[PDB]
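Encoded as structure tokens, the structure appears first; notes follow it.
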Amino acid sequence: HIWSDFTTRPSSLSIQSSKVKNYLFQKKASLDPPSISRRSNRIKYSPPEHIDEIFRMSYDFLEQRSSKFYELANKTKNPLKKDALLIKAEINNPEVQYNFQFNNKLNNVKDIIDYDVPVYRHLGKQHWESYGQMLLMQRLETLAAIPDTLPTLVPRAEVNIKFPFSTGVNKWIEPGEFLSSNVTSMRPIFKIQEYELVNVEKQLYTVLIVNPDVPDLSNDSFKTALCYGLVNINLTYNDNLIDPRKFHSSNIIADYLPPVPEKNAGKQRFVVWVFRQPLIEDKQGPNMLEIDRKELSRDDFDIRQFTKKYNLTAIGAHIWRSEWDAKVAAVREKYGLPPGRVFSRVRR
Amino acid sequence: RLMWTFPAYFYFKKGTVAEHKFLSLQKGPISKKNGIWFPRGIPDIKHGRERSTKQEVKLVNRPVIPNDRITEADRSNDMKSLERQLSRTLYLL
Amino acid sequence: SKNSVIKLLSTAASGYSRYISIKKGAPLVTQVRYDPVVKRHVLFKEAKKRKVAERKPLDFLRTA
Amino acid sequence: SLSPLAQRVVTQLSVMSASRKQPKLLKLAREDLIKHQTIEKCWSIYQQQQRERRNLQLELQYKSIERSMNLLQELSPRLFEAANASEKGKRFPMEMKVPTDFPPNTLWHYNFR
Amino acid sequence: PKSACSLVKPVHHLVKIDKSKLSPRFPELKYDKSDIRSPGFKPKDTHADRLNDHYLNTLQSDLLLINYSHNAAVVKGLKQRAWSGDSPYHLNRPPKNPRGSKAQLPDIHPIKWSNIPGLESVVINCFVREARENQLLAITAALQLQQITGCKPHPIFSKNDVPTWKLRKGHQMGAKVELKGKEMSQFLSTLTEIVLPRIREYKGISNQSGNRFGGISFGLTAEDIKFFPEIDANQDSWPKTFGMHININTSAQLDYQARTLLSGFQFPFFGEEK
Amino acid sequence: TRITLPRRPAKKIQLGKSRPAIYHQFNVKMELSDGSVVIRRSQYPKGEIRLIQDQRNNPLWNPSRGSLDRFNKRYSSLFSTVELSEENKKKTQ
RNA sequence: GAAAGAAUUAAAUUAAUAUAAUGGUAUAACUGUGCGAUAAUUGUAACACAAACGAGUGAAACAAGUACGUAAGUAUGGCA
RNA sequence: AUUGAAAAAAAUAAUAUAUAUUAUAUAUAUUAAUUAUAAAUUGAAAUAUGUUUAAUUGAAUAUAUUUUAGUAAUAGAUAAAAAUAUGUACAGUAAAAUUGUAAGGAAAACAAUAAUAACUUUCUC
Ligand SMILES: [Mg+2]
Ligand SMILES: [Mg+2]
Ligand SMILES: [Mg+2]
Ligand SMILES: [Mg+2]
Ligand SMILES: [Mg+2]
């Protein structure tokens, strides 16, 4: 009985609720489900017949399979293979399935869904692929944030942004949203959730928010603008919210300048990109990198060139898009930016 | 649980001796009645069935009695006999 | 005459009205279009009266 | 309104139709839902295993046949030729019946023809 | 409409966007029909299928043994022939159609452990021709089919028009039902045991019957349908009764293999084989 | 001229809400010609049936194992081979 | 080695397109289905094509409102 | 909440209530419905109140109050039978010819008829 053992196995694989666990594992269908909170509703409810004995048999079967997998898993040396074996062992565990399905994945509590555990991480990845990743990809393609900034994306990390400091309200930004200048007045907060097996201690990350749609009237086209630039950020599967708490002033290659779209300049895409650092062998600890702060410019910014220079690989992305409103002038005034231009309504 | 109602009106004609026996064999569902608490919800009935639950329908002239699957040969453990296992493939050794 | 002309008069009592063509025994033609006097989409209805090919009102309530 | 034949047709139609004959939807609790999932998944796995076992057995049989026929070809050409014939109109014998739920009164017939 | 020009734009990523999942319109429809949470749920594997079990145990190995031909290579079917490039008019020319046929024919593979012939599907086509006069006859035929199978029939409509036979276009006329898996197996077992012995003078399914590739068929008269136990139990409920065609579809490469398979399930075969 | 049942307005089955037709079926025991019982699911309400003419008593399905009848019945006292030999002079033809 | 999926390749526009004939159409313009029934809406329409004038044709954009779509967007009647 | 059975909580989504913000958000509670809709001196069922049989429950029967039976097709995002011919969203592929099959025949309906290299997941030697 491998799934009852918790000597070597993490605590997160168990259900933390006692009542739920008891309901799952009983000898007869006597008890009533903890999910149904109300007495009358519990009375009304009737579970399907014979479900217990069969369930028990299924558990035994899959528990045996898990145990067999574990016999292989411990003998394995290379890490990715071992992780895959661990996943195979525990993915069919009812308790871990309960934990994952019916508790929040975004702000996961460590005791319930631990992303340090390989199985839970795999589940989270699968969940991301099912909806959120596809949506992100659609928003990147439709809005034309991929070819315009950075050729392609192979989504690996789930990136979610927030604007807590400006207004007060709590809301994770859906990709391709129209945010007010009040909302995006102060800086955002990232959460880079990584689902691949990666060296947590060594692996650093960079985050770049880029505005491809600021108008350049000499060229009669647009230019990019690095609105916010962080480097050498340390992520951990559970500890992953990039906040002023975590990153230092040394990490900020270009400190947050807010979206201030001009009147009739149009809708401006702000597409955050998340890259992971190149990992160097034969060097213990996190390998930093120095950025030439005079070389990179904010008013015009070759993202692709920058990536080429520092050998980055874009793992994640997110996007919002701002256009002119009444408060952009106020935002400019607060930041000490100039009055702001006004363009002709006609694109002649 | 998911099965439909048995359409008794088709198989048994109204006002017939065969229907009457079937009706006697059956027991009906408890209908909703005003001024009463039904703590297992109010009865949802159509064609005389509680929609919320599984339905049970109880049913020469001779009872069909099947023969025993285990045999005399099996009981005795006669290896030379062909009737000794009926559910398995026997091979001549 | 197979297709007749009719006058659809705006329901928001501006006085604005739009004209359309229909078959002689077509159902009463009401449509929602922009009324520029009111500056919104409003119902238009037939100002005049006329005879219609009487269809049997299809019964969803299972009769008899 | 309707004839007796029309009525009987309507009744017949009703027998087939889902109109007012079907129960409520099978709702489950989350724990119950999980239990169901674990039952189904395990079953599916078991079925796959069984399929592989049977498939493997068939493959093994095929390999054995191949091994036999090569040997036959090597040794006795006539015997090999006899073995490897077109069995186009081969018919299973009518005595090899599909096994019933329960056995008959006379289990086995000792005399024939 | 400003234009009718259809032109799908290329993309800049290899992620496969399932558009159905991004909507919030059909939440019940996002679940698979196999899943318990879907209203489309049905218990599939309710009991052990008997004919299928028999096939697995006894027949499949025997069939494999029968079909072994030593060092048998693939027989390619009739395909679309390319032009020899002996003229510059061959350069963007469509390929010559197949030799005998207009349509391409499939390759016949050697039978191994993977591709042993087995039952794939049964289809019970009942087109009642008196229903050109009476629509109610189509309904009765459909009910009969349902009774026989325990499966939901689909209505057949008159696809064509013709004056000689008093037939309109778009008129409900009989019904069909594709049986698959366990219900199909049961239906075959009933046919073998109950119905086809009660036909008095029946030699068998013809050996000249069938597709070129793994499909065999036959038909039952209105007299023959009265032997089905759902029909058989009550003569009185069914005054009228309709014949039917029975298309058996196998996983057989050729038709003789399919015939052999059906024989394994106690179907007699009488005529002179092709 | 064409006899029909005229259609009412069809009931809108919403997408996702379509439910599979699970007809009411009883487990029915068929005893064949010999005592071999077989269970089959059936829509008609009859728990047991016993069959007279099956594959298990048909000569086509087991080769190894009523005017004439009427005639035999009503010419039984006479007992009608010897009779053939008596009544078969092959001179006249 | 097997099962399932994603599919790709080949072929096809000979069917079908409310309607002639021609061009186009599977990336479908063809067909099915949900919602809808709105854009078979309101003021300015540059610029082109065509063009003796009178007319005719395609139409970016600006402004008001509407319908569908998670979104991107699409709709100022119909593949032309 | 009362009723049955033998401290709590940690998703999505929906619903109810509240408030945050020139952000259709968050918090707490709960998981309903899901193929229905008027009209039935006649069928069927339940419950209540009586009476008789073997305090008791079953069984039978009377009245009252209800409930069911109006029996009708699509069960699938249906996909070349017929039907809403303009919008939008999602998805799919036709035809011919050939081989067959109960009446069926040149001509009614149904079935079948090009290739899997590589890729992902699952089981397995
Ligand atoms: Mg053309
Ligand atoms: Mg010109
Ligand atoms: Mg001019
Ligand atoms: Mg069109
Ligand atoms: Mg058109």
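Chains as they are written, first to last, in PDB author numbering: chain 1, 20 to 367; chain 6, 58 to 116, 136 to 169; chain X, 6 to 69; chain 2, 34 to 146; chain E, 19 to 292; chain V, 20 to 84, 96 to 110, 122 to 134. Even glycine gets a Cβ: it sits at the ideal position worked out from N, Cα and C.
Kindly give me the distance between the Cβ atoms of residue i and residue j, rounded to whole angstroms, as I take these residues to be in contact under 8 Å.
i: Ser86 (chain 1); j: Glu109 (chain 1); result: Rounded, the Cβ-Cβ distance is 11 Å, inconsistent with contact.
i: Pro183 (chain 1); j: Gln152 (chain 1); result: Not quite, the Cβ-Cβ distance comes to about 24 Å (not below 8 Å), so this is no contact.
i: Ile264 (chain E); j: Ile142 (chain E); result: 6 Å
i: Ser87 (chain E); j: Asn117 (chain 2); result: 6 Å
i: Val229 (chain 1); j: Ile322 (chain 1); result: 6 Å
i: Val47 (chain V); j: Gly66 (chain V); result: 6 Å
i: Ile70 (chain 1); j: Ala48 (chain 1); result: 7 Å
i: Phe209 (chain 1); j: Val226 (chain 1); result: 6 Å
i: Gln212 (chain 1); j: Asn259 (chain 1); result: 6 Å
Within its chain, find whatever has a CB closer than 7 Å to the CB of residue i; leave out the 5 residues flanking it on each side and keep chain order.
i: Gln98 (chain E); result: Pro113, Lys114, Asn115, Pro116, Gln122
i: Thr16 (chain X); result: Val47, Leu48, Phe49, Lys50
i: residue 369 (chain 1); result: Not covered by the structure: residue 369 (chain 1). The range shown for chain 1 is 20 to 367.
i: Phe283 (chain E); result: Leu69, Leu206, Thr210
i: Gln44 (chain V); result: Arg60, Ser61, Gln62
Does the beta-carbon of residue i have 16 or more other beta-carbons within 10 angstroms, so that it is buried, or is it exposed?
i: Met155 (chain 6); result: exposed
i: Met49 (chain V); result: buried
i: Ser55 (chain V); result: buried
i: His142 (chain 2); result: exposed
i: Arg206 (chain 1); result: buried
i: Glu151 (chain E); result: exposed
i: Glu177 (chain 1); result: buried
i: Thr168 (chain 1); result: buried
If you run the structure through DSSP and keep just helix, strand and coil, what is residue i?
i: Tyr224 (chain 1); result: strand
i: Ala160 (chain E); result: helix
i: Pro173 (chain E); result: strand
i: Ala103 (chain 1); result: helix
i: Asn46 (chain V); result: strand
i: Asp99 (chain V); result: helix
i: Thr332 (chain 1); result: strand
i: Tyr117 (chain 1); result: helix
i: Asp134 (chain 2); result: coil
i: residue 321 (chain E); result: As displayed, chain E neither begins before 19 nor continues past 292, which places residue 321 (chain E) out of reach and without an answer.
Measuring straight from C-alpha to C-alpha, what distance separates residue i and residue j?
i: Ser77 (chain 1); j: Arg84 (chain 2); result: 18 Å
i: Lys37 (chain E); j: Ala58 (chain X); result: 44 Å
i: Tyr66 (chain 6); j: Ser109 (chain 6); result: 21 Å
i: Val33 (chain E); j: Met156 (chain 1); result: 7 Å
i: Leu159 (chain 1); j: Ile165 (chain 1); result: 6 Å
i: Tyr21 (chain X); j: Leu33 (chain X); result: 19 Å
i: residue 21 (chain 6); j: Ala66 (chain E); result: Missing from the structure shown is residue 21 (chain 6); chain 6 here goes from 58 to 169 and no further.
i: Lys170 (chain E); j: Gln164 (chain E); result: 6 Å
i: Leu172 (chain 1); j: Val29 (chain E); result: 11 Å
i: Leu162 (chain 1); j: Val48 (chain 2); result: 54 Å
i: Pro61 (chain E); j: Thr62 (chain 6); result: 17 Å
i: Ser203 (chain E); j: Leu74 (chain E); result: 13 Å
i: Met102 (chain 2); j: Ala149 (chain 6); result: 39 Å
Quick one: what's got a C-beta closer than 6 Å to residue i's C-beta in the same chain, skipping five residues either side?
i: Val57 (chain V); result: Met49
i: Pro234 (chain 1); result: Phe241, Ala284
i: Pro297 (chain 1); result: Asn330
i: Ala149 (chain E); result: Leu155, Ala156, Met191
Near residue i, what residues of its chain come up, given a Cβ to Cβ distance below 8 Å and the 5 sequence neighbours on each side ignored?
i: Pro52 (chain 1); result: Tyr42, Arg61, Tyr64, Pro66
i: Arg145 (chain 6); result: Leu162, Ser163
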